[PDB]
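Read on for two forms of one protein chain; each stands alone as C-alpha cells, with the labels structure 1 and structure 2.
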Structure 1
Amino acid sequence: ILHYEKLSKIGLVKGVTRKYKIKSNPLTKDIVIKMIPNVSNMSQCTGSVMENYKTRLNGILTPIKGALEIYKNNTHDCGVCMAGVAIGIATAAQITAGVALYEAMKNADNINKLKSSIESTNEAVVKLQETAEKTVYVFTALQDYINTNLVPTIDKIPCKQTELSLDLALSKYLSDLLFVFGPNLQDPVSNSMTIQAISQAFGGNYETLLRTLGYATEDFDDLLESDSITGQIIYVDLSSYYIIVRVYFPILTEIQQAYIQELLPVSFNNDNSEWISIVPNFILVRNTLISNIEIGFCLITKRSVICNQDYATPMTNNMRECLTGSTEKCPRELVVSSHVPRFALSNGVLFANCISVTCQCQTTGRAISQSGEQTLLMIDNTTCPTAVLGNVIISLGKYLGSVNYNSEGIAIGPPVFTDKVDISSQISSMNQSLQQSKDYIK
C-alpha cells in the first residue's frame, strides 16, 4: 500500500515490479572425482614426483576423512538414529547434513565396489555401467593435459624436462586446489557448498560436470548463478585418492501473494540545495506486510528475484509510515558530488529536477522553469508533448495521477549523515547533550 504520488516528490520514482521465488525440492545424483592422473603410458621416466604428490595429497585429505568419521561412527538405525552424547556439540544444519550423509552412504557402498575399475581409468571423463540401468561418472584431473602434451612429445624432448613439466603441473593443481579444500574447509558435513567451488578439484570446469550429468532445464542459468546447485562430500578414499560427491538439483517455486518493488532515486531541490532521500531501494511486500530484503545475496532478473534462501528482514515503524505517505518522517542527505541522477522516466512520464539541469519544450521552443518552492517537476504531454534534455529528445505520455501535481506541496524530513565515521560522532554528540539535560533535570 505504498503511496507513490507522495514518494515521487521526494525523488523516489517507482521502477519495475518483480516476482519472488526460492529453491526447493532437490534431486540427487552421485559423481566420482579422482585427484590423481594415470601415467602408465609414460611411466618409464616419471622420476619420484608421484610419491611426493601422494604424500602431499594424503596430508591434505586426512582431516576431511577424520571429520566425516565422527558422524558415521555414531549413526545407526533405532528412521535415522543418532547418539547425542558422543557428538557433544552440533547445530541443526549439521545434524540434518549427517542424516543426509547416512542416507547417501547406501549408494556410496554400491559405488565403492568398482574401485578397481576407478583406479584404471585413462580418460578425463568416463562412464562405468554398474548395472543395466545404473551408471557411474568418473572425472580425472590433469588427464587431458598429460594425454595431449606429455605423451606425444616424450621422444622429442629429454624427459628430465618432462619430469619438470609434470611436477609444475601437479604443483599448480595443488596451488589452485588449496584455496577450497584446505584448512578453510572446517566443516565438510554440510550441503551449502556450491558446485563451482567443488569443481576446483576438476580445474574449475563445472560446465563439463553439469552437461555430463545431463541436467537440462529452462531455469538452469538462474539456478546456477544464484548458488542454488550445491554438493556434499560423502566418501574419501586415502588409497586410490578419489572422493564421492552428491549433487543436488532443486527447482524454483514462486511465493504467492508476494512481490518486490523498486524505487529510482532522483535528487530534489530544497532551500537552494540538492538532496537525496535515504530509504531502501528494494521493498518486499508479502501479503499485506512490508519488510526489508537482503537483495545483495540474491540474483536480480528483468522480472524476477531468485534466492536460495528467504532473506526477509524486519523494518522500523517510522520507515513503514514513510512508505505509506508520511513524508515528514523520511530522512534526507545533502549532495556535494557532481555525479548524481537528476531525472528519470516512469510510464512515459518524466520526473526531472529542472533547476540543476536545463529543461526545454521543443513544440513551443521556450524553456521549462522550476520555482524555488517546488522539489521536482512532472512533465507529460498535457503541457509538453516532447522535451529536450541536453542531447536527447523524448516524447512523453500522460500522467494518471492528480491533475494538480505541480501545485501541491508536501512536508520534508530531517537531514542525516550516513558516513561511517560520522555515525560515531553523532552518537557522542547526542549522548553528551543527553547527560546535560539529565543533570539539569536533577
Structure 2
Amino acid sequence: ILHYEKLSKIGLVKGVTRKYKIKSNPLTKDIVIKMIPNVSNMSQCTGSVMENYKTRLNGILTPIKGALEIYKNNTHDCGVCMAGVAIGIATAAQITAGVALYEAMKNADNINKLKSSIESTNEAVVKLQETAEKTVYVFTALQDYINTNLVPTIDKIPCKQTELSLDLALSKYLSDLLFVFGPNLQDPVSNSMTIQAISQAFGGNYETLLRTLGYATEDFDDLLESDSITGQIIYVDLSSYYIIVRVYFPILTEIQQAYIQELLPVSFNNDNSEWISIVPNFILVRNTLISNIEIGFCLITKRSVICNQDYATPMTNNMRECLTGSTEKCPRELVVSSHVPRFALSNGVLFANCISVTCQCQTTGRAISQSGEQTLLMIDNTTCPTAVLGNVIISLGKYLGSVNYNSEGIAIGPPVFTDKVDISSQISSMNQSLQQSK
C-alpha cells in the first residue's frame, strides 16, 4: 500500500478513505415534455406571438428530429440490426445510444397514441393513463405561468399587455432552452445528456420531474449531483411541439477491492524554505493497483467518491514509487503564497510545519520547536497532550506509526514549478540542455 508515514513526513497527511462507486444498470421511464403551453383559456387575444413561437421552436427542434431519424430509418429488428453503411461515421457510444433509441421507439409509439391527450394538457404536470400500456407523465413548459399569471389578469390589464407578457415568457424560455437544445446539442442520440440539461425544456425544474417519477431515495441526490441520472430524447414532434425523453435512473454499484485515498497537502520545511509536494491528492487503488483518478468529474462524498463513469487514469512509475515510499521521486514546489496549509489532523495526530506556525503545548507551556533538518513535526499525546496553533487549541491522540517519527529523516525530491508557462520554460531549458549535450 501507500507509505503513509513517509508521505506525511513529505506533507501528504492521509485523509479519509472513500468507496469507489460507479453508475450501472439504468432503469428506464419515459416522459413527455410538451415544449409549448396551452393558451386555450386566453386565446381570445393571444395574437400572433404563439405562431411565431411555433415557428421558432420548429426551427430549433427540426435538427434534433433529423438527427433522430438518422438512426430511426437505419435501425431495424433482426436482435437489433444497425445499418452502418448508411450511417457512415459513428462512435461506439453513439451506436449504443442509437440501439437504445430504437429499443425505446416502441414505448414512444405507445405514448404517441396519446397525441391528442398530450395536446389537450392544461396543467404543468399531467398523468396520462388510459390503460396500463400508456401511463406517461406530461410536463408542460410554461403552463403554470399561463394559468396563474396571464389567465387571472385577462380582465385586470389591457390584454395586449397580456400578449406581450406571453411573448416575453416564451422568449425567455427559448433563451434558457437554447443553451442546451440549440446547436450545442449536436448529438441528441446520446443518452449521456443529464436530466438537469433536459429539465431546461421544463424551465430547469428537474426536481418536479424526478419527484413525479417517484425517484425519492437516499442515493437520489448522489445520483443527481454526480450526473448519473441522464435522459435521452427518443421522440420529437414538430406538429404538437413536444418531445418524449427516456430517463435513465441507475444504481451506484461499488467497485470491489477499490478505494480512493485522499492526501492533505501540508506544507513542509527544507533548506530554510517552505515546500509542498506535487502529488495527486486522490489516489485510486483497485486490486492493490495504484492509479490516478479524474475526481474533478466525480462527486466526492464523506462515504464514497461517486462517478458516472470510470475516471481511472494511469500514473507514472515514479509517482507510484513516490506513493509507495520513494520520497526522493516526489516532486516539490516552493511556497511563495502565505495562505498554504501549515498543518493537518489525521487520527487525532497533528502534522504541523512548526517553522511557519508557532506551535506550543498547552499542557507544558513550552513551544514545540522544529529543527532545520525536520520537514514537519508529528504532535501526539506522547509529546504534547494538547497543542495550540494560535486561535486553535486541540487535544491529540497517540500516533500508531513509528515512535521515532520526529528523529527519522527522509530523502527529499526534486523542486518543480507547475505553472504552464514555467512548464514551457522547463521544456525549453531541458531541450536546450539536450542540444548542448548532443
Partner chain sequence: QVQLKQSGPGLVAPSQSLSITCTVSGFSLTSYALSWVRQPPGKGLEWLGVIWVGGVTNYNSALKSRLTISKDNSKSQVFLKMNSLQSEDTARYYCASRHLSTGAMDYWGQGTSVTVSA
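Note that the rigid core is defined as the largest set of C-alphas that superpose within 1.5 Å between two forms. Here, residue number means position along structure 1's sequence, counting from 1.
Inset, instruction - With both forms of the chain shown on their own, indicate which is the form deposited without its partner chain. - result: Of the two, structure 2 is the form deposited without its partner chain.
Legend entry - Distance moved by the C354 C-alpha between structures 1 and 2 (core-aligned, Å): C354 C-alpha displacement between structures 1 and 2, core-aligned: 1.2 Å.
Legend entry - Core superposition result - C-alpha of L263, shift between structures 1 and 2, Å: After core superposition, the C-alpha of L263 moves 0.8 Å between structures 1 and 2.
Legend entry - between structures 1 and 2, how far the Cα of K134 shifts once the core is aligned, in Å: Between its two positions, the C-alpha of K134 lies 4.2 Å apart after core fitting.
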